[PDB]
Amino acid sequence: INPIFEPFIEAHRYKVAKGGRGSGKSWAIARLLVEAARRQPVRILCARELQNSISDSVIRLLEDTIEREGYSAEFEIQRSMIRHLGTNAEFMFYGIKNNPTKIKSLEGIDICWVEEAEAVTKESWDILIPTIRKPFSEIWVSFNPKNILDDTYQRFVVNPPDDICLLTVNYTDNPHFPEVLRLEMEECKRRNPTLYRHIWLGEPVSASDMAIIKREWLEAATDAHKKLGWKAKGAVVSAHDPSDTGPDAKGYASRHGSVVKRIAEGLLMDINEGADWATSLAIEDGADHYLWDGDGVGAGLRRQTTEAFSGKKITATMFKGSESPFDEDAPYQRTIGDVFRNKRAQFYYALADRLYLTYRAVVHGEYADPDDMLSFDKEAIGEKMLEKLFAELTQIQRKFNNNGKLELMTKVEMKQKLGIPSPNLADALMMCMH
């Protein structure tokens, strides 16, 4: 048996293994679980978040282990069950989303193994954990970490329970590391160091220290006009971000007063189609104002935009983020110009203060004028889009400036350094602060 896992044979209420791909932690566990089964009448539940059929489950890998060691002649193998013929030990495999009624009813569970545990939401941990309540029962947990603010990572790494054996492992710890995987992993290290550290060295997605917007604010911000009770009041503003000539997706944002109402992504579109797209959406959303990025490829859109808005009262404006700050000589509320390097920084910061405010209002009770907060309308926007947006905002980053000014990493630099695509929803949403 693979020696790092030695602490698991001892008796802990919580046994957790976290790591990257190819760290041999599914194989090891299936091994230990099998060996335990040959020597004790243990009822072993194997639970996952989603199990739409039996093939999604860890049964195939227990059949493979069983055959690999040569134990085949000891076990009974059916469709949804494995049983040891001597000890009478039993494996069963359910999904926590599919059969919550069945999982509460189960009786006498000694060992529960959650696998692919990173997908397991909080509502499932709350349903499961009490059901494994026999004394000296253990709950075994394997997982690759995604975001640092997901429940599973919170529950065991951040705010651990009592009696936890926490093992960390990478491929750097796998004695039998297949070439099939060594290949995928070398390709990755070279093409995208940042995705590599996520995937293979199992480092979770966390807030950078240079980040201007906290995830928590965004959550707080969601439906914050429904939580504090105030309505969308103001002009409607729409923003289009034309992206580039690359694969990256076009952005459109839009709000009514302090409430954001549409976040749309524009796909498979050139500059003019993309132009026609956002232009119609701004008409559709009854925009009073409509801006767009002209810094790059968007510079020549001007004529096509004003022609689209002919007949309607809609101000169209080419926004340039690299230009000096709006009202740069005005004092800061030391001048504006002293404080921001360009309009791009100015308006991401407007956004963040707005967010931060709402967050203080929603979460600590502190008053703030609804004209100063920001609220995401979840029904309007639709949770898919909403999530894409939140993933992007939280990567917007501060970079050093030699004159003490506030300045952001440019989209090109984020793409180059973070290996992420261009944050065009964020950039579209940012432009709405004007």
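Throughout, we count residues from 1 along the sequence that is shown.
- Going from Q333 to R334, the model skips 10 or more deposited residues, which lack coordinates.
- On average the C-alpha atoms of 179-187 have higher B-factors than those of the other stretch, with 306-314 and 179-187 being the two compared.
- Two stretches are in play, 88-96 and 342-350, and the higher mean C-alpha B-factor belongs to 88-96.
- The residue among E323, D126, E138, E273 whose C-alpha carries the highest B-factor in the deposited model is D126.
- Comparing the listed residues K233, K250, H225, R133, the entry records the largest Cα B-factor for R133.
- Among all modelled residues in its chain, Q154 ranks in the middle third by Cα B-factor.
- In the PDB entry, a CA B factor belonging to the highest third of its chain's modelled residues is recorded for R79.
- Ranked by C-alpha B-factor against the other modelled residues of its chain, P193 falls in the highest third.
- When all modelled residues of the chain are sorted by CA temperature factor, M414 is found within the highest third.
- For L50, the recorded CA temperature factor ranks within the highest third of the chain's modelled residues.
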